[PDB]
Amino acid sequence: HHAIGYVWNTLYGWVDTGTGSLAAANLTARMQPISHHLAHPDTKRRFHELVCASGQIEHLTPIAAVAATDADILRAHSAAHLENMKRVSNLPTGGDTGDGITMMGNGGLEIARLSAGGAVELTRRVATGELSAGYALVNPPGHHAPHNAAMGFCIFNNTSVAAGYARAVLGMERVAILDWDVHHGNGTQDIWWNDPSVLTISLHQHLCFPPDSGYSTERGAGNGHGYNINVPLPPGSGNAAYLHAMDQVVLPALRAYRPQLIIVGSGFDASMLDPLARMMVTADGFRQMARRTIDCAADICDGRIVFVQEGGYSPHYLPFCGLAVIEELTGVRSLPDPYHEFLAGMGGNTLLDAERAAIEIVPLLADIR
């Protein structure tokens, strides 16, 4: 049938990103304090508020986040990492999660558990058939956190916690994670590196972040060899490149693999107005990407698809990119993208030779059994 779940929790908007821009404010470096860190939670809150103010919320089934348990977290992460996060969160003013930039406040583990747990709860309810699909608008994000660490503002790897739950608790034999956050999903890649039961795909700007990963030659290991697929694209790639990648690589990979559930790491940092990447995707591009992936799920896994928020750093534009994806889930297309004409004139809608060549990963599809 048709019932679309939606997860927002007030505390997703209360993540304290501090007073720096990216790293902390630093007087010796003359990095002046600023009100809004690049990753400030207001960007995602504005998406939530637009979901409500547009009336999309009336077509969604609100789903309460339920805190991820230690057992849930341990399906994706090491005990040492979980214990370190408990340690850092218990410090009187929080602290450094290990990388020197990713911080948690005192009690910040509460929000990290609710973020991973929002993904799990939506996954559970879609997998059982209570819901047909859904969108978990979580924060903090997940895809940079590998098995043994926090990284890139990610405390736990939300989509991997959800995949682990689908595998262990729901008994699914095959799950796919499709990450279209513009940054390489190195954490997700790491977690399932040796494991063919979770197909991991990352469409991203080549070497945007991290600086040393996301190459096409990173394909997994052992029994997992062939079950990690990176699609690095050049800076300036737009809707044409992204849709060519979907049609030539992503959708064929999903059809070859036959997952029982598709989890999308849904970032909007590939947008035309994002500060933290150089891509040219518009809300109409994300719309088409979502439509294609939802339709693929309908064909191959009884429509079982869960979108989980990753990055995106335009408070101005991200809400409209997100809303387009929500509208593809609900089928209620009731608000225009007010930037559409303005951004459409900038380009990205022609498949350039260098973009085409980057996508033409195609010979690796044959190794997905």
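Residue numbers run from 1 along the displayed sequence. So that the term is clear: the rigid core is the largest set of C-alpha atoms that superpose within 1.5 Å between two forms.
Choosing between 129 to 137 and 103 to 111, the greater Cα displacement from the shown form in 7 other deposited structures of this protein, fitted by the core, goes with 103 to 111. Averaged as a root mean square over residues and superposed structures in 7 other deposited structures of this protein, CA distances to the shown form are larger in 87 to 95; the pair compared was 87 to 95 and 182 to 190 with a core fit. According to the PDB entry, the deposited sequence runs on from residue 353 to residue 354 with no residue lacking coordinates between them. Higher average CA B factor: 121 to 129, of the stretches 121 to 129 and 245 to 253.
Remark: stretch with higher mean C-alpha B factor among 265 to 273 and 168 to 176 is 168 to 176. Across 63, 38, 306, 325, the greatest Cα temperature factor reported in the deposited entry is at 63. Ranking 113, 291, 278, 77 by the C-alpha B-factor listed in the PDB entry places 77 at the top.
Sort the chain's modelled residues by C-alpha temperature factor and residue 204 lands in the lowest third, per the entry.
When all modelled residues of the chain are sorted by CA temperature factor, residue 321 is found within the lowest third.
Ranked within its chain, residue 181 lands in the lowest third, by CA B factor from the PDB record.
When the modelled residues of the chain are ordered by their C-alpha B factor, residue 221 lands in the highest third. Among the modelled residues of the chain, residue 338 sits in the middle third by CA temperature factor in this PDB entry.
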